[PDB]
Amino acid sequence: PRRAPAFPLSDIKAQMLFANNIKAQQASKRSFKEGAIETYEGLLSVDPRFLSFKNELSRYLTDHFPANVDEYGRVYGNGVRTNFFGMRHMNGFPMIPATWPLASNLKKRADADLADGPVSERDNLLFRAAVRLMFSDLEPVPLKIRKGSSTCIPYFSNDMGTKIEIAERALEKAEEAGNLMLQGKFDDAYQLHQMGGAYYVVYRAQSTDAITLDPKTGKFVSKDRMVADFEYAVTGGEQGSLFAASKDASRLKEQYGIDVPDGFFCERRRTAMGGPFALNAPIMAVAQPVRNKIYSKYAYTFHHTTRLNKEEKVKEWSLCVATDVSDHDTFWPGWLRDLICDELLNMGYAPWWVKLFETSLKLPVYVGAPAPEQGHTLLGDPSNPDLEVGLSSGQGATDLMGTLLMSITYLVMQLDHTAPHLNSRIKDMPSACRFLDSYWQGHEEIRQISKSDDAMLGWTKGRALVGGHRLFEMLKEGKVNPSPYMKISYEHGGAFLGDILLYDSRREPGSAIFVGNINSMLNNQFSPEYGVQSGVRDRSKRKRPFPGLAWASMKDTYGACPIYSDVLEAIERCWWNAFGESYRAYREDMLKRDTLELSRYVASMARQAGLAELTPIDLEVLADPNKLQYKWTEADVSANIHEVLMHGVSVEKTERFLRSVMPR
Ligand SMILES: [Mn+2]
């Protein structure tokens, strides 16, 4: 059913993806790399004292605080959902090999019994209504760019000046490039305007992954992570193999002279993609206004800030169902891309813009280094983009694509299993739009709070209520998938956007509270995804600009966890045993240094201003800006802090661009 074309780096098609500069050329050739991350300044992830600390702490916490999750996946009591063994990884050393990204998910979806299009006309109207509501009356805003982010194919520039030039030129030339693509002249659009080419595959660490302690021997077992070899990826699973990657860390002693303590493993590695920035800029120019619309008009369903902001909504529900989606990005359907594009064309969106948008979700992928002596291969032909990878992580509107698919998928699940009497309200496009507009504002008796593949489904006092309980029962039983679109299950230990929903004896949303996930505190403090990058002079360009700041927001983020105090004391005791030092004093020093360093970046901040004016969100984001890409948005961050991490293209240039894209 059609193998995707593949080209080695030596091939001209792959060579064309990399500009004649050191950064781009290094990116093309970058071999498999592994090594200990600098967890904190002067501390490596594999430091023997640090691993001794992690061994003692993970064992102690699991022992004293076993998971409190009921048969329905509801968290109660201590607020713990699993063991604390997830920290037992040799950060910077990946599982081998990493997966080759699937060039086509058509067979993956078909074999998982998932739909190749909207099942009913109602569903077709609902997916189309989602497009209409999300993309309608948009307001232009400056195109914001993350400082230090790469422009990827073809330039691989990290320079803000160069990135602003690229983005402004892209907004000027998007029309001409889109029109070339409409003529099937993809190579011309890429050669002239760098719009096309491929996504650049980077493998990102999922620093913590499941580990269990088998009671019979007291030996640890890491969660098997299935990977596709090259053959499987190009054939969409028709040929080749899907097998468990090796997380065995024994190799580190022989290869690097690193002592590997018992029950420590290599990290899970996930595919992540970097989009060609010239193609992403025109997409982002529309995506940001869309976010502003959905987070304002549809704030009920889409705008999530604090644990209390989420709590106010959930407390009003009679039933709360915390869902889980299996491998969202890889299962994301291409037919949805086509439906979205078709509906945007119907709305009167510029055909050239829709073509750029369509093309961004069919683009080839350049595979770097999944393992030693593997990779450096382009999948798909950039002359005619036709990949079905699912959702590319580096596409300019990935969050919106995931949110659109999932919001409608959950609504359809609630309609199918709990609310058939609402079907008559969805007769045509105007009525589908009225219903969806009402549903998204939380005005219906069936409700939801969602962001991409994370959601909580709600039922108020209902006639759909009884159906809601049957659906929850079906999810617990787990024998039948409740959706035709994606593989849905219930979350084992229900959480929403990092916050655990802590139930009491009644097991009802009305008396349940949202608390910080204590395990995430431990993940963030002891298993960061990246090193401190102390060699990167401009801190605003680092993956972790001000790590010390997370100490100041810790009480606010995690304080409500039942075991918060117990964990901090266990950390102090274990850190004393391993280093002969106070962890609290160590973090207070890092906080002091990072607070002082921050004033250099903030114009409004005097030489020794302090953190008084900053919110806990601002502090969590300054320690980890990756939270700005999955947890929060621009509006949630103080304006003076947003300027530290982002720079923008003028609203004058974007306003003119947006007027040319949008209907009338
Ligand atoms: Mn969840």
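This deposited entry lists X-ray crystallography as its structure determination method and 3.30 Å as its resolution.

By the naming in the PDB entry, the protein goes by RNA-DIRECTED RNA POLYMERASE and is assigned to Pseudomonas phage phi6. Each PDB entry has a title, and for this one the record gives "The C-terminal Priming Domain is Strongly Associated with the Main Body of Bacteriophage phi6 RNA-Dependent RNA Polymerase". For the protein, the Function comment in UniProt is given as "Rna-dependent RNA polymerase part of the packaging complex that packages the viral RNA segments, replicate them into a double-stranded form and transcribe them." What the UniProt record of the protein gives under Catalytic activity is the line "RNA(n) + a ribonucleoside 5'-triphosphate = RNA(n+1) + diphosphate".

Observations regarding the overall build of the protein
The number of helices and strands found in the protein is 25 helices and 21 strands. The globule rule puts the C-alpha radius of gyration for 664 residues at 26 Å, and the 25 Å found for the protein is close to it. Seen through its principal axes, the protein has C-alpha atoms that stretch 70 × 65 × 60 Å. Of all 664 residues assigned to the protein, the portion counted as buried reaches 59%. Pairs at least 24 apart in sequence give 76% of the contacts found in the protein among residues at least 6 apart. Total accessible area on the protein is roughly 27,000 Å²; 48% of this is exposed by carbon and sulfur atoms. Both charge centroids of the protein, one from 80 positive and one from 83 negative side chains, sit 1 Å from each other.

Remarks on the sheet that holds strand β17 (residues 488–490)
Taken in spatial order, the 4 strands line up as β15-β16-β12-β17 in an open sheet, and their pairing is antiparallel. Each edge of the sheet is formed by a strand with only one pairing partner; in this case those strands are β15 (446–451) and β17. Each adjacent strand pair in this sheet contributes to an overall mean axis angle of 30°, direction not counted. Examined bridge by bridge, strand β12 (residues 319–325) and strand β16 (residues 454–459) share 5 bridges and lie antiparallel to one another. Its bridge partner being in β16, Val321 is matched across the sheet by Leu457. Across the face of the sheet, helix α16 (residues 398–417) comes into contact with β12, β15, β16 and β17 while running at roughly 155° to β15.

A look at the coordination of the manganese ion
Each protein donor to the manganese ion is listed here as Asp454 (OD), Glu491 (OE) and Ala495 (O); together their distances run 2.1 to 2.3 Å. Sequence positions of the donors to the manganese ion reduce to the motif D-x36-E-x3-A. Separated by 41 residues along the polypeptide, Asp454 in strand β16 and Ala495 in strand β18 (residues 495–496) bring together distant segments of the chain. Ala495 shares its class with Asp454; the two are buried.

Here's the deal with helix α3 (residues 48–64)
In an α-helix, one full turn covers 3.6 residues, which means residues spaced three or four apart are oriented alike. Its 17 residues give α3 an end-to-end C-alpha distance of 24 Å, which sits within 8% of 24 Å, the value for a rise of 1.5 Å per residue. When we look at burial in α3, the residues that qualify are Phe50, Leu51, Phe53, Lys54, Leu57, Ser58, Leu61 and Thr62. Looking straight down α3, one finds that the buried residues subtend no more than 150° of arc, so they occupy a single side. Of the exposed residues in α3, those oriented more than 90 degrees away from the buried face are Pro48 and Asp63. Looking at the buried positions of α3, the neighbouring elements they touch are β2 (38–40), β3 (43–44), β4 (89–94), α19 (518–526) and α21 (564–579).

Section: the pattern of salt bridges
Applying the stated rule across the entire model yields 36 salt bridges. One salt bridge in this structure joins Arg74 and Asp70, with 3.1 Å as the shortest N-O distance. The class of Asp70 is buried, set by a relative accessible area of 9%. For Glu444, the salt bridge goes to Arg425, with nearest N and O atoms at 2.8 Å. Residue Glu444 is located in the loop between α17 (429–440) and β15, and its partner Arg425 is located in the loop between α16 and α17; the two are separated by 19 residues in the primary sequence.

A few points about the sheet that holds strand β11 (residues 265–274)
Strand pairing within a sheet occurs via backbone hydrogen bonds; the two strands may be parallel or antiparallel. Here 6 strands make up an open sheet; going across it, the order is β1-β14-β13-β6-β11-β4 and the pairing mixed. If you trace the sheet from one side to the other, it starts and ends with β1 (6–8) and β4, each paired once. On average, adjacent strands in this sheet sit at an angle of 35° to one another, irrespective of strand direction. By the bridge criterion, 3 bridges tie strand β6 (residues 199–206) to strand β13 (residues 365–367) in an arrangement that is parallel. Note that in β13 the partner of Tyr199 across the bridge is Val365.

What about the domain arrangement of the protein?
The domains assigned to the protein are domain 1 (1–30 + 102–276 + 333–397), domain 2 (37–91 + 518–606), domain 3 (277–332 + 398–517) and domain 4 (607–664). Placing the centre of domain 1 and that of domain 2 at their C-alpha centroids yields a distance of 30 Å. Contacts between the two partners involve 26 residues from domain 1, matched on the other side by 22 residues from domain 2. For the domain 1 and domain 2 pair, buried surface summed over both sides reaches about 2,000 Å², with 55% attributable to carbon and sulfur atoms. For the pair domain 1 and domain 2, the number of links is 2 salt bridges. Between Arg204 and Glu529 there is a salt bridge, with the nearest N and O atoms lying 2.7 Å from each other. For the pair domain 1 and domain 2, the interface holds 14 residue pairs in polar contact. Counting only elements with at least two residues in the side of domain 1 that touches domain 2, the list comes to β6, β7 (211–214) and β11. The residue inventory of the side of domain 1 that touches domain 2, partitioned by class, reads 12 nonpolar, 6 polar and 8 charged.

Section: unusual backbone geometry
That bond from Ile96 to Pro97 is cis: its omega, 0°, falls within 30 degrees of zero. Relative to the elements of secondary structure, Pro97 occurs in the loop between β4 and α4 (106–111). Here the bond from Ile153 into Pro154 is cis, since omega is 0°, no more than 30 degrees from zero. Here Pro154 is to be found in the loop between β5 (143–146) and α6 (160–182). With phi around 55°, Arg507 is a residue other than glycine that occupies positive phi space. We classify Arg507 as partly exposed; its relative accessible area is 25%.

Focus on the UniProt feature "binding site: Mg(2+)" in the protein
Within this structure's numbering, the places UniProt gives as "binding site: Mg(2+)" are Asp453, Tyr490 and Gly494. Look at the named residues: they lie 42 residues apart in sequence, but the longest C-alpha span between them is just 13.2 Å, so in the fold they bunch up. Following the sequence through the fold, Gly494 ends up in the loop between β17 and β18. Once you skip the residues sitting within four places of it in the chain, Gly494 turns out to touch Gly73, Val75, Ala322, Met456, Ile500 and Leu501.

Comments concerning the packing of helix α20 (residues 550–558) against helix α23 (residues 616–623)
The interhelical angle for the contact between α20 and α23, taken along N-to-C directions, is 130°, at an axis separation of 8 Å. With respect to each other, α20 and α23 are oriented oblique. The crossing of α20 and α23 is left-handed. Across the interface between the two elements, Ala550, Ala552, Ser553, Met554, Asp556 and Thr557 from α20 touch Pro616, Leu619, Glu620 and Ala623 from α23. Along the lines of polarity and charge, the residues of the contact of α20 with α23 split into 6 nonpolar, 2 polar and 2 charged.

What counts, and at which threshold
Residues numbered from 1 in each chain as written, not as in the entry; some residues may be left out. Heavy atoms only, no water. UniProt positions renumbered as here; feature names shortened; annotations may be inferred. Helix = DSSP H or I, 4+ residues; strand = E, 2+ residues; numbered from the N terminus. Rg over C-alpha atoms; globule rule 2.2 N^0.38 Å. Buried < 20%, exposed > 50% of the residue type's maximum accessible area, 1.4 Å probe, protein only. Contact = heavy atoms within 4.5 Å. Areas by Shrake-Rupley, 256 points an atom, 1.4 Å probe, with all protein chains shown as cover. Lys, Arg positive; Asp, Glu negative; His and termini not counted. Charge placed at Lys NZ, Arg CZ, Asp CG, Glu CD. Pairing = 2+ DSSP bridges. Axes fitted to C-alpha atoms, helices over the stretch in contact; angles between N-to-C directions. Donors = N, O, S within 2.8 Å, 3.2 Å for Na, K, Ca; no water. Expected span 1.5 Å × (residues − 1). Arc of directions from axis to C-beta. Salt bridge = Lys/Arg side-chain N within 4 Å of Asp/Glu carboxyl O. Domains from an automatic or database assignment. Buried area = accessible area lost by both parts, 1.4 Å probe. Polar contact = N/O pair within 3.5 Å; in protein donor to acceptor, adjacent residues only side chain to side chain. Nonpolar A, V, L, I, M, F, W, Y, C, P; charged D, E, K, R; others polar. Parallel < 35°, antiparallel > 145°, perpendicular 65-115°, else oblique. Left-handed = near helix turned anticlockwise from the far one by under 90°.

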